[PDB]
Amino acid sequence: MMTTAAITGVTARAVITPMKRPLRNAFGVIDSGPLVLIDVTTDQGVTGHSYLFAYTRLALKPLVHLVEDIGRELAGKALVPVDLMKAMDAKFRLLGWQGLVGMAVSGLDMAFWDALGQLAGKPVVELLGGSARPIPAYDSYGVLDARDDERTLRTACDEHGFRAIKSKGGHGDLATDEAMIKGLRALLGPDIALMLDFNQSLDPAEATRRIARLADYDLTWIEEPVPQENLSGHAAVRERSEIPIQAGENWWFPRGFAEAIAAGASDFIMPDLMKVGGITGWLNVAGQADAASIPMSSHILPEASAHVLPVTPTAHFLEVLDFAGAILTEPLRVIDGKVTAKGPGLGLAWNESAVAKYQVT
């Protein structure tokens, strides 16, 4: 009530952390996750937190540069996430905010909202006018094998209570995809939802061919069958597909979603908070998905996702893949295959000795 807090500075650092569980692709395991950690100091005793997953270390320095540079021009500015977005939008209209820039802007938006929650002793979800209801979740893996992996899967379903599993495919031929899926369904029975993520690996005609073959296995969705930019190719797959098509982890801001929806690219979407424009963009897209009747899930950043899904009219699944555990004070918790938001703000605090250990520069 007294006055709106204001930004006094912004800091970001790189870390390469160990994964709680290495996930293995066709070539090899990934056991390292490169992140960027963002702090937005305010004039009211609160520093806002957020992280980005950066995919490859090659992106660490640029992202740190961009976050810090953008943050600097913001010092002195009132902490109003809507007005700040509009400012960052005007600022990159010509250079363009798709890509690394876009991640910097979304990261900052998350940090902003996080500060606002802290400053109120509330979780963001309550700022957003909803509550931290538990959200059905699914557990995300690389290339699963039924024999070689029965162990970890039993755990996910029985202890953590996961009622849905995602695996990857596409790397090889149709035979491998099918065997992998035949195994999984046999092993897990009919009551577990199985999702298959092709990670953009196919072209539209090949996607159509594989999907027809996999339809007998009761899949919940096929994810990014073709390159993410190829919206017309997604729509073409979607049109012929007996299985719901999921995509969206790689699209940029509300406009990026508007054009994908206009093209009818997918049955389901799963925006990444890093790429859709933070909490502020997410909410915009939530309204679009409501109008288009499209079930909306999240792509990673499970901690913050849990704050927006409860106010997403078409909320679907929260993806669980944990990259930020080892550097958080309070890793993510799944209870009976659901995640519940944690306050205050986004519930993101750094385990500083953890950070110091893993920091790269």
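Position 1 is the first residue in the sequence shown; the rest follow in order.
- The question of which stretch, 263 to 271 or 122 to 130, has the higher mean Cα B factor is settled in favour of 122 to 130.
- For the pair 290 to 298 and 45 to 53, the mean B factor over Cα atoms is greater in 45 to 53.
- The top Cα temperature factor in the record, among 168, 209, 93, 147, falls on 147.
- Among the modelled residues of the chain, residue 86 sits in the middle third by CA temperature factor in this PDB entry.
- Sort the chain's modelled residues by C-alpha temperature factor and residue 310 lands in the lowest third, per the entry.
- When the modelled residues of the chain are ordered by C-alpha B-factor, residue 318 sits in the lowest third.
- When the modelled residues of the chain are ordered by their C-alpha B factor, residue 197 lands in the middle third.
- Annotation for residue 152: CA B-factor lies in the highest third of the chain's modelled residues.
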